[PDB]
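Encoded as structure tokens, the structure appears first; notes follow it.
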Amino acid sequence: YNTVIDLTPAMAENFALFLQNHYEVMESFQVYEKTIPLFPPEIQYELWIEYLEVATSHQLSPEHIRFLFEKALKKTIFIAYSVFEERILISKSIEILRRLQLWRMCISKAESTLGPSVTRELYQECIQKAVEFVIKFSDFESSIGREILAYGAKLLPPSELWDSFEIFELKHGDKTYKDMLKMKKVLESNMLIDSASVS
Amino acid sequence: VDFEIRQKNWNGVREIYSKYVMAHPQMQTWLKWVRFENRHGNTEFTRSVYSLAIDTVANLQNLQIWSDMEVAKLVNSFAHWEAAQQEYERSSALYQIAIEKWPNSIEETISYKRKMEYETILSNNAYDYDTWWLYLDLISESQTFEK
Amino acid sequence: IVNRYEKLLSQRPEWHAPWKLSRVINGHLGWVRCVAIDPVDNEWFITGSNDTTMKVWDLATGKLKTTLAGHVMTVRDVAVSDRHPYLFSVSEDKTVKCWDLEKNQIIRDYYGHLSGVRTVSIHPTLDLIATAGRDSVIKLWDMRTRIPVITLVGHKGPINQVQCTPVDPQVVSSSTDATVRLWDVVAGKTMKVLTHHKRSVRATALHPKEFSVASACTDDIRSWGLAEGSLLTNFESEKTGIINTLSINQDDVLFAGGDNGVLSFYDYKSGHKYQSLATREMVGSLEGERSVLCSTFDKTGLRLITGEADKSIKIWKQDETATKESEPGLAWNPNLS
Amino acid sequence: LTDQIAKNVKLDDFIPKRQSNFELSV
């Protein structure tokens, strides 16, 4: 078979599947090493997605597989890798996710898994349709709760009638003043003005 | 040279490349030199003037002009191509002078992997410590005190 | 060619000593556009200026001896005779005026340039002044009868700087058309051109011994040998330019003034640049006004005098501690020019 | 002819003569 290598990814995966059928395991992983040195970041991905799913399935030692993702990295790869890190350092994984809307949504989820406090923090990263998500995080942020409320104003003003219902709800929640509320509706009206002014 | 290619003169084109690299001690001057031959085929030319490259590089290397990464790419390229030439003792022999001169039956499977793991250059603190995780796992699975 | 490069990693030049700032003399009201110091007693500058005065300072104390006024527009240049007790100054109103020192008055007006005159020099053995400027010819004035005996025709541009020397090539001049001619007077014509520099050639100087001439340029400061009009060296200088001036010395120091406000000293033999200095501009000035418009060395070789667009003179001193102790400068890694 | 063509310019006139040896004497 190797005589072919001296001189076709389907052929490669097939051959590795042969050794897998013989359960040479590690030898098979080597083949994926020999393929990827050839085809570069295009075809190599076509090899690499199955190679990852399989090799992670095998040994399931940190440093070797960690390095393997490192080699690998040069989108889904981040997700496999992150899935690995959480269950075999965690913050390190969070740093990796930190390192597109769906991707932002994920990180926030894993950060929530590490506890609540980060998630409000995550949105600030998030801001830089996304405003709907920053609103989605800010909603339970100040909503369960000053910089965050003022941020809610900054976001509501960032770019909407449901949001008006939101600010009206925040005003109604107080047992915080008609003046600030009318000023708020005035500012949103000014946003209606800047919006209508747009061509 | 892009002229002489529009003639035959495969003799004289070498004469050019001589004047060229000798008057331009630069990496891709040599690399153009060899990529030429690998286009027009002569292996005993190719290897020999690979030698003429590496003996001057290492020879007057002290003279400071050639940066590390230059020397590197000559190493990886020319040695790598020696592996393509089926002299592996010679490949890793060349490699051996490099690292020297510079700052049931699956036993050799581990020895070839562990040598290549250590052979991977590591500039810095975390890069060398990352390699320490690789070769230690290779040593663990397979002078135990000196390692 | 690599030969050439191996050799340059051997000789390893000539340790020279640092410099620093001994004194600051204010007192002019314009820019300070030339300095020239006694060829004899080293007691006194004479300092051109842009308010058209020329003040004579005192070397040692730094006090002001006198003022010689007597020009309408700015004075570009001054020179002081060795043999004669005279002083030729020249300005941009087109006039080359002798002075006489003994009485401190003007004496002879040489005349006939079409337009402003940027440089004088005083031939050493013959009693002749040489001058030139935006007209693009170099006139050779006989001194007592005021006739412009000879006119060296020539370049295609303003002439920045003229130098005289006792044997052949007698007169040497450089010009915004980026040459430097070497003139043979009697013949009346150019004996050699040196074309290398890339844009205007703005300064020169004569080695007080070695018989060669440093020619600056904008950003690359070459030397040249006379007689043959060789090349000789090439001073290692990245683009620090615009080079306003050069000054050579008796110890083979070389000076070069930048307009970015940086003093750059060299060895002469080599090219090695062994010191740089930001010249602290001034009190209320404007960052553009840090620059250096002239230089010269006193007759001892140990003291430096420069003018600066911020209306002041500075005098630099050669710091004796030095040796190697922790002296060394930038440490000699000759590069591919 | 190689001399006839470019006749005037010649490389020895780019090349500084105190690069080889400092101390070359004038």
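We label chains A, B, ... in the order they appear in the structure tokens, count residues from 1 in each chain, and number ligands from 1 in the order shown.
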
* Taking only C-alpha atoms into account, what are the residues of chain B at most 10 Å from chain C, put as a list in words? -> residues 22, 23, 24, 25, 60, 63, 64 and 65 of chain B

* Asked: Interatomic distance between atom CA of residue 98 of chain A and atom CA of residue 123 of chain A?
  -> 12.0 Å

* Asked: Which of segment 144-274 of chain C counts as strand (DSSP E) under DSSP, as JSON, numbers by chain please?
  -> {"C": [148, 149, 150, 151, 152, 159, 160, 161, 162, 163, 164, 171, 172, 173, 174, 175, 179, 180, 181, 182, 183, 184, 189, 190, 191, 192, 193, 194, 204, 205, 206, 212, 213, 214, 215, 222, 223, 224, 225, 243, 244, 245, 246, 247, 248, 253, 254, 255, 256, 257, 258, 262, 263, 264, 265, 266, 267, 273, 274]}

Using C-alpha atoms, can you write the selected residues to a file as a short mmCIF file (atom, residue, chain, number, x, y, z; two decimals), in the first residue's frame?
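Output below, filename result-v2.cif:
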data_model
loop_
_atom_site.label_atom_id
_atom_site.label_comp_id
_atom_site.auth_asym_id
_atom_site.auth_seq_id
_atom_site.Cartn_x
_atom_site.Cartn_y
_atom_site.Cartn_z
CA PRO C 148 36.79 88.88 -10.69
CA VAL C 149 39.59 87.54 -12.51
CA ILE C 150 38.21 84.15 -13.33
CA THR C 151 34.84 82.65 -13.43
CA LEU C 152 34.48 78.90 -13.18
CA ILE C 159 26.21 75.98 -5.36
CA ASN C 160 26.12 75.14 -1.70
CA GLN C 161 29.74 75.11 -0.63
CA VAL C 162 33.19 75.98 -1.90
CA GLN C 163 36.62 74.95 -0.64
CA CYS C 164 40.14 75.95 -1.53
CA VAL C 171 38.75 74.58 -5.75
CA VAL C 172 36.14 72.22 -4.96
CA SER C 173 32.48 72.71 -4.94
CA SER C 174 29.19 71.02 -4.45
CA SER C 175 25.78 71.77 -5.77
CA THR C 179 27.79 66.47 -7.91
CA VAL C 180 30.99 67.63 -6.59
CA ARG C 181 33.41 69.18 -9.06
CA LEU C 182 37.16 69.27 -8.72
CA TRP C 183 38.41 72.30 -10.48
CA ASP C 184 41.60 73.10 -12.26
CA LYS C 189 37.69 73.72 -16.35
CA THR C 190 36.64 70.76 -14.53
CA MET C 191 39.20 68.20 -13.78
CA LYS C 192 36.80 65.56 -12.42
CA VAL C 193 33.29 65.09 -11.30
CA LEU C 194 32.16 62.84 -8.51
CA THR C 204 31.83 69.52 2.95
CA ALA C 205 35.06 69.76 4.74
CA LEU C 206 38.74 69.22 4.29
CA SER C 212 40.86 64.49 1.14
CA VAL C 213 37.43 65.87 1.64
CA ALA C 214 34.40 64.68 3.34
CA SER C 215 31.35 65.29 1.36
CA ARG C 222 31.16 59.80 1.79
CA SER C 223 34.74 60.80 1.72
CA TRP C 224 36.90 61.27 -1.37
CA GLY C 225 40.55 61.49 -2.00
CA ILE C 243 22.97 66.76 6.86
CA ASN C 244 23.70 70.34 7.24
CA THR C 245 27.29 70.21 8.03
CA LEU C 246 30.55 68.37 8.48
CA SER C 247 33.57 69.15 10.51
CA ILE C 248 36.73 67.23 10.50
CA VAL C 253 37.04 62.75 14.62
CA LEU C 254 34.27 63.64 12.25
CA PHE C 255 31.18 65.69 13.21
CA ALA C 256 27.86 65.78 11.39
CA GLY C 257 24.87 67.92 12.23
CA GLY C 258 21.41 66.78 11.54
CA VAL C 262 20.94 64.85 16.31
CA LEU C 263 24.69 65.19 16.53
CA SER C 264 26.40 62.28 14.93
CA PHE C 265 30.16 61.81 15.46
CA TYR C 266 32.27 59.40 13.51
CA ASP C 267 35.66 58.01 13.23
CA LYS C 273 29.54 56.03 14.20
CA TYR C 274 30.48 56.22 17.80
#

* Asked: Which polymer residues have any atom within 9 Å of an atom of residue 164 of chain A, counting only C-alpha atoms, with same-chain residues fewer than 3 positions away left out, as a PyMOL selection string?
  -> chain A and resi 156+160-161+167-169+184-185+188

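Backbone DSSP over segment 1-31 of chain A gives alpha helix (DSSP H) for residues 2, 3, 4, 5, 9, 10, 11, 12, 13, 14, 15, 16, 17, 18, 19, 20, 21, 26, 27, 28, 29, 30 and 31 of chain A.
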
Same residues, N, CA, C and O atoms, saved as a PDB file, in the first residue's frame:
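Wrote it out as again-v2.pdb, contents follow:
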ATOM      1  N   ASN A   2       1.973   1.178   0.723  1.00  0.00           N
ATOM      2  CA  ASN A   2       2.850   2.325   0.881  1.00  0.00           C
ATOM      3  C   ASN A   2       3.522   2.680  -0.441  1.00  0.00           C
ATOM      4  O   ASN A   2       3.891   3.846  -0.693  1.00  0.00           O
ATOM      5  N   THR A   3       3.615   1.677  -1.313  1.00  0.00           N
ATOM      6  CA  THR A   3       4.174   1.884  -2.640  1.00  0.00           C
ATOM      7  C   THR A   3       3.375   2.972  -3.337  1.00  0.00           C
ATOM      8  O   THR A   3       3.914   3.728  -4.145  1.00  0.00           O
ATOM      9  N   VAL A   4       2.091   3.062  -3.011  1.00  0.00           N
ATOM     10  CA  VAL A   4       1.268   4.149  -3.511  1.00  0.00           C
ATOM     11  C   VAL A   4       1.724   5.479  -2.934  1.00  0.00           C
ATOM     12  O   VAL A   4       1.787   6.473  -3.648  1.00  0.00           O
ATOM     13  N   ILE A   5       2.092   5.491  -1.654  1.00  0.00           N
ATOM     14  CA  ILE A   5       2.547   6.733  -1.044  1.00  0.00           C
ATOM     15  C   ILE A   5       3.798   7.260  -1.705  1.00  0.00           C
ATOM     16  O   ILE A   5       4.002   8.470  -1.749  1.00  0.00           O
ATOM     17  N   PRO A   9      -7.162  11.103  -0.864  1.00  0.00           N
ATOM     18  CA  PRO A   9      -7.537  10.960   0.547  1.00  0.00           C
ATOM     19  C   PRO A   9      -8.471   9.789   0.826  1.00  0.00           C
ATOM     20  O   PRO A   9      -8.386   9.191   1.903  1.00  0.00           O
ATOM     21  N   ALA A  10      -9.343   9.458  -0.120  1.00  0.00           N
ATOM     22  CA  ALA A  10     -10.269   8.360   0.091  1.00  0.00           C
ATOM     23  C   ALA A  10      -9.467   7.088   0.292  1.00  0.00           C
ATOM     24  O   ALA A  10      -9.771   6.265   1.160  1.00  0.00           O
ATOM     25  N   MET A  11      -8.396   6.971  -0.484  1.00  0.00           N
ATOM     26  CA  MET A  11      -7.543   5.796  -0.444  1.00  0.00           C
ATOM     27  C   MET A  11      -6.874   5.710   0.909  1.00  0.00           C
ATOM     28  O   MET A  11      -6.715   4.625   1.487  1.00  0.00           O
ATOM     29  N   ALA A  12      -6.539   6.878   1.435  1.00  0.00           N
ATOM     30  CA  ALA A  12      -5.845   6.980   2.707  1.00  0.00           C
ATOM     31  C   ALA A  12      -6.717   6.549   3.870  1.00  0.00           C
ATOM     32  O   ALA A  12      -6.321   5.704   4.680  1.00  0.00           O
ATOM     33  N   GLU A  13      -7.913   7.115   3.938  1.00  0.00           N
ATOM     34  CA  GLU A  13      -8.834   6.781   5.008  1.00  0.00           C
ATOM     35  C   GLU A  13      -9.199   5.315   4.919  1.00  0.00           C
ATOM     36  O   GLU A  13      -9.367   4.643   5.933  1.00  0.00           O
ATOM     37  N   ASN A  14      -9.282   4.811   3.695  1.00  0.00           N
ATOM     38  CA  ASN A  14      -9.582   3.402   3.499  1.00  0.00           C
ATOM     39  C   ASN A  14      -8.507   2.518   4.094  1.00  0.00           C
ATOM     40  O   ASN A  14      -8.787   1.565   4.834  1.00  0.00           O
ATOM     41  N   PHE A  15      -7.264   2.847   3.778  1.00  0.00           N
ATOM     42  CA  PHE A  15      -6.154   2.076   4.300  1.00  0.00           C
ATOM     43  C   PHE A  15      -6.032   2.146   5.803  1.00  0.00           C
ATOM     44  O   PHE A  15      -5.722   1.148   6.445  1.00  0.00           O
ATOM     45  N   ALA A  16      -6.276   3.319   6.373  1.00  0.00           N
ATOM     46  CA  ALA A  16      -6.246   3.435   7.817  1.00  0.00           C
ATOM     47  C   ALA A  16      -7.365   2.615   8.430  1.00  0.00           C
ATOM     48  O   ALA A  16      -7.223   2.057   9.516  1.00  0.00           O
ATOM     49  N   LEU A  17      -8.481   2.533   7.717  1.00  0.00           N
ATOM     50  CA  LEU A  17      -9.585   1.707   8.165  1.00  0.00           C
ATOM     51  C   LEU A  17      -9.221   0.237   8.126  1.00  0.00           C
ATOM     52  O   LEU A  17      -9.750  -0.553   8.905  1.00  0.00           O
ATOM     53  N   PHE A  18      -8.323  -0.133   7.220  1.00  0.00           N
ATOM     54  CA  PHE A  18      -7.832  -1.503   7.200  1.00  0.00           C
ATOM     55  C   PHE A  18      -7.120  -1.829   8.505  1.00  0.00           C
ATOM     56  O   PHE A  18      -7.449  -2.808   9.182  1.00  0.00           O
ATOM     57  N   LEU A  19      -6.154  -0.993   8.864  1.00  0.00           N
ATOM     58  CA  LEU A  19      -5.366  -1.224  10.063  1.00  0.00           C
ATOM     59  C   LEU A  19      -6.239  -1.127  11.301  1.00  0.00           C
ATOM     60  O   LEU A  19      -5.994  -1.793  12.303  1.00  0.00           O
ATOM     61  N   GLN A  20      -7.257  -0.280  11.226  1.00  0.00           N
ATOM     62  CA  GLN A  20      -8.227  -0.190  12.300  1.00  0.00           C
ATOM     63  C   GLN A  20      -9.008  -1.486  12.436  1.00  0.00           C
ATOM     64  O   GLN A  20      -9.330  -1.915  13.543  1.00  0.00           O
ATOM     65  N   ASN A  21      -9.305  -2.112  11.306  1.00  0.00           N
ATOM     66  CA  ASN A  21      -9.988  -3.392  11.324  1.00  0.00           C
ATOM     67  C   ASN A  21      -9.076  -4.439  11.931  1.00  0.00           C
ATOM     68  O   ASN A  21      -9.530  -5.360  12.602  1.00  0.00           O
ATOM     69  N   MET A  26      -2.531   2.693  17.004  1.00  0.00           N
ATOM     70  CA  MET A  26      -1.553   3.769  16.967  1.00  0.00           C
ATOM     71  C   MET A  26      -0.887   3.868  15.607  1.00  0.00           C
ATOM     72  O   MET A  26      -0.638   4.970  15.114  1.00  0.00           O
ATOM     73  N   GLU A  27      -0.672   2.727  14.963  1.00  0.00           N
ATOM     74  CA  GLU A  27      -0.067   2.727  13.649  1.00  0.00           C
ATOM     75  C   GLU A  27      -0.979   3.482  12.717  1.00  0.00           C
ATOM     76  O   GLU A  27      -0.536   4.272  11.891  1.00  0.00           O
ATOM     77  N   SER A  28      -2.273   3.269  12.900  1.00  0.00           N
ATOM     78  CA  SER A  28      -3.247   3.926  12.061  1.00  0.00           C
ATOM     79  C   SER A  28      -3.167   5.428  12.243  1.00  0.00           C
ATOM     80  O   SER A  28      -3.265   6.171  11.266  1.00  0.00           O
ATOM     81  N   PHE A  29      -2.935   5.884  13.470  1.00  0.00           N
ATOM     82  CA  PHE A  29      -2.917   7.320  13.673  1.00  0.00           C
ATOM     83  C   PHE A  29      -1.737   7.884  12.895  1.00  0.00           C
ATOM     84  O   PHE A  29      -1.814   8.983  12.343  1.00  0.00           O
ATOM     85  N   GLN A  30      -0.679   7.085  12.784  1.00  0.00           N
ATOM     86  CA  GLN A  30       0.523   7.524  12.088  1.00  0.00           C
ATOM     87  C   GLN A  30       0.213   7.838  10.652  1.00  0.00           C
ATOM     88  O   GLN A  30       0.805   8.736  10.054  1.00  0.00           O
ATOM     89  N   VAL A  31      -0.726   7.089  10.094  1.00  0.00           N
ATOM     90  CA  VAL A  31      -1.036   7.247   8.697  1.00  0.00           C
ATOM     91  C   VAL A  31      -1.609   8.628   8.503  1.00  0.00           C
ATOM     92  O   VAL A  31      -1.274   9.328   7.547  1.00  0.00           O
TER      93      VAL A  31
END

* Identify every residue of chain D that has at least one atom within 10 Å of any atom of chain C, counting only C-alpha atoms, and report the result as a PyMOL selection string. => chain D and resi 12-26

* Residues within 9 Å of segment 124-140 of chain A, only C-alpha atoms, excluding chain neighbours under 6 positions, as a PyMOL selection string -> chain A and resi 101+104-105+148-149+151-152+155-156+158-159+163+166

Find the residues near segment 45-54 of chain B: any atom within 7 Å, counting only C-alpha atoms, skip ones fewer than 4 places away on the same chain, and give them as a PDB file with C-alpha atoms, in the first residue's frame.
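This went into around00.pdb:
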ATOM      1  CA  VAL B  34      18.897  24.025  -6.397  1.00  0.00           C
ATOM      2  CA  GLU B  37      18.553  21.520 -10.816  1.00  0.00           C
ATOM      3  CA  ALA B  58      28.821  26.406   8.221  1.00  0.00           C
TER       4      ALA B  58
END

* Asked: What is the distance between atom CA of residue 166 of chain C and atom CA of residue 91 of chain C, in Å to one decimal?
  ->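 Taking atom CA of residue 166 of chain C as the start and atom CA of residue 91 of chain C as the end point, the length is 25.7 Å.
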
* To do: Residues of chain B near chain A: apply a cut-off of 8 Å, count only C-alpha atoms, and supply the list as a VMD selection string.
  => chain B and resid 133 to 134 137

Grab the residues selected above and save them as a short mmCIF file (atom, residue, chain, number, x, y, z; two decimals), in the first residue's frame with N, CA and C atoms.
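Result saved to part.cif:
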data_model
loop_
_atom_site.label_atom_id
_atom_site.label_comp_id
_atom_site.auth_asym_id
_atom_site.auth_seq_id
_atom_site.Cartn_x
_atom_site.Cartn_y
_atom_site.Cartn_z
N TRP B 133 6.89 18.01 27.79
CA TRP B 133 5.68 17.21 27.99
C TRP B 133 5.56 16.10 26.94
N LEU B 134 6.04 16.37 25.73
CA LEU B 134 5.97 15.42 24.62
C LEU B 134 6.95 14.25 24.77
N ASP B 137 6.29 11.97 27.97
CA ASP B 137 5.22 11.01 27.69
C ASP B 137 5.72 9.88 26.77
#

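If you look at atom CA of residue 306 of chain C and atom CA of residue 70 of chain C, they are 22.9 Å away from each other.
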
Could you list, as a compact mmCIF listing (two decimals) with C-alpha atoms, in the first residue's frame, every residue within 10 Å of residue 86 of chain A, counting only C-alpha atoms and ignoring same-chain residues fewer than 6 positions away?
# COMPACT_ATOMS: atom_id res chain seq x y z
CA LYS A 92 -7.61 27.25 29.79
CA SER A 93 -10.49 26.09 27.61
CA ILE A 94 -12.35 29.28 28.30
CA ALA A 110 -19.49 27.27 29.12
CA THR A 113 -21.20 26.38 33.50
CA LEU A 114 -18.26 27.72 35.48

* Asked: Hey, what's within 12 Å of residue 68 of chain B if we count only C-alpha atoms and toss same-chain stuff fewer than 3 positions away? As a PyMOL selection string, please?
  -> chain B and resi 27+57-58+61-62+64-65+71-75+98+102-103+121+123

Convert the current residue selection to file output with N, CA, C and O atoms, as a tab-separated table (two decimals), in the first residue's frame.
chain	number	residue	atom	x	y	z
B	27	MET	N	19.84	33.34	1.05
B	27	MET	CA	19.20	32.02	1.09
B	27	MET	C	18.61	31.61	-0.25
B	27	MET	O	19.12	30.69	-0.91
B	57	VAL	N	28.21	27.85	4.20
B	57	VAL	CA	27.29	28.29	5.28
B	57	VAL	C	27.90	28.03	6.66
B	57	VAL	O	28.14	28.97	7.42
B	58	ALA	N	28.18	26.77	6.96
B	58	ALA	CA	28.82	26.41	8.22
B	58	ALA	C	30.25	26.95	8.32
B	58	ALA	O	30.68	27.37	9.39
B	61	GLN	N	30.22	30.66	8.54
B	61	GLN	CA	29.04	30.98	9.34
B	61	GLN	C	29.31	31.98	10.47
B	61	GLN	O	28.51	32.87	10.73
B	62	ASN	N	30.46	31.81	11.14
B	62	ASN	CA	30.92	32.72	12.19
B	62	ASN	C	30.84	34.20	11.79
B	62	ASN	O	30.60	35.06	12.63
B	64	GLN	N	28.67	35.86	10.53
B	64	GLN	CA	27.47	36.47	11.14
B	64	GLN	C	26.37	36.88	10.16
B	64	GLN	O	25.28	37.23	10.59
B	65	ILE	N	26.63	36.81	8.86
B	65	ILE	CA	25.67	37.35	7.89
B	65	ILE	C	24.39	36.54	7.83
B	65	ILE	O	23.30	37.10	7.75
B	71	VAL	N	19.67	29.55	7.87
B	71	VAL	CA	20.36	28.29	8.11
B	71	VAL	C	19.35	27.16	8.32
B	71	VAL	O	19.49	26.06	7.77
B	72	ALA	N	18.31	27.46	9.10
B	72	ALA	CA	17.25	26.50	9.40
B	72	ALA	C	16.64	25.98	8.10
B	72	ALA	O	16.78	24.81	7.78
B	73	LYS	N	16.06	26.89	7.32
B	73	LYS	CA	15.40	26.49	6.09
B	73	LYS	C	16.34	25.73	5.17
B	73	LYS	O	15.89	24.79	4.52
B	74	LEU	N	17.64	26.04	5.19
B	74	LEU	CA	18.58	25.23	4.42
B	74	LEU	C	18.63	23.80	4.97
B	74	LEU	O	18.65	22.84	4.21
B	75	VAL	N	18.62	23.71	6.29
B	75	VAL	CA	18.68	22.41	6.97
B	75	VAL	C	17.46	21.58	6.62
B	75	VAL	O	17.60	20.49	6.04
B	98	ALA	N	24.26	19.69	12.42
B	98	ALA	CA	23.49	20.92	12.69
B	98	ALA	C	23.31	21.17	14.19
B	98	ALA	O	23.97	22.07	14.76
B	102	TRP	N	25.31	23.92	16.64
B	102	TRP	CA	24.40	25.00	16.97
B	102	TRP	C	23.76	24.83	18.35
B	102	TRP	O	23.44	23.71	18.75
B	103	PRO	N	23.55	25.95	19.07
B	103	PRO	CA	22.75	25.97	20.31
B	103	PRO	C	21.34	25.45	20.06
B	103	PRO	O	20.86	25.53	18.93
B	121	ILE	N	12.86	21.85	17.16
B	121	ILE	CA	13.49	23.01	17.79
B	121	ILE	C	12.52	23.73	18.72
B	121	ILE	O	11.32	23.79	18.45
B	123	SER	N	12.60	27.33	20.73
B	123	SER	CA	13.12	28.63	21.14
B	123	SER	C	12.20	29.26	22.18
B	123	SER	O	11.03	29.52	21.90
